[PDB]
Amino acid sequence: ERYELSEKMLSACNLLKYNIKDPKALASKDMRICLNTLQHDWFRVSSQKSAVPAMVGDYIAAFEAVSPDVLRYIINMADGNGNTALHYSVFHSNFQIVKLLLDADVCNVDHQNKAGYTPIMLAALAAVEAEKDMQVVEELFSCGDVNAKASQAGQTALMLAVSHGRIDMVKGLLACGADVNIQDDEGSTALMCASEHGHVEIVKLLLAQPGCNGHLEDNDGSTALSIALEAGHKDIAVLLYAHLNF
């Protein structure tokens, strides 16, 4: 029992296929009306909290059935805030839908919304209930650019996860090849953040990564060691000292 596209959605897809290789026709008023109807439909189906995985999968199958170009076009649609279906899927913790979008293999995983964040950065701060969800999350991490930096403060997913003390998420990001030595706009690393916030276990996790560079300094000239010392975290300071000078 497969979900079927509505007539207006199917015909919208047909018009899309008709003019997908026609820029002037795509930019015309009526065609933009059509594309608006289609986009509102797609986001209604894929990006609400109460969205249904089987429906989205069937719709993807139908989109490809019309044309792969149509599928790629629709999947990567973004609203007024630059958010795509992947963004909302991650944000709503609808990871079955996330998985379906990934399996489509035409999804732009590294698209930044107008806020400046990727689906992976959203995932770093997303609620993950079961192990299945975390599996989907790690597949997302491995698919896209795990080392991308947010537009606002140059934050990576790892830095965001560390900043909120999400140990398991940090583990996941590290397991999926997140670079530890990347610096943000202020020159801060995940190690410095963990040292400042006082996350001992996260500090241990980062230091245990091969090639973790504890010599790096922020724009103030501060290292993770000096930050730990200044913040009164002496155990972390001893960890970092032992790491740097042995």
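In this text, residue numbers run from 1 along the sequence as written.
- Mean CA temperature factor is higher for 65 to 73 when stretches 42 to 50 and 65 to 73 are set side by side in the entry.
- Across the two stretches, 25 to 33 and 187 to 195, the PDB entry reports the greater mean Cα temperature factor for 25 to 33.
- Residue 157: CA B factor lies in the lowest third for its chain, per the PDB record.
- In the PDB entry, a CA B factor belonging to the highest third of its chain's modelled residues is recorded for residue 143.
- When all modelled residues of the chain are sorted by CA temperature factor, residue 151 is found within the highest third.
- When the modelled residues of the chain are ordered by their C-alpha B factor, residue 164 lands in the middle third.
- Ranked by C-alpha B-factor against the other modelled residues of its chain, residue 102 falls in the middle third.
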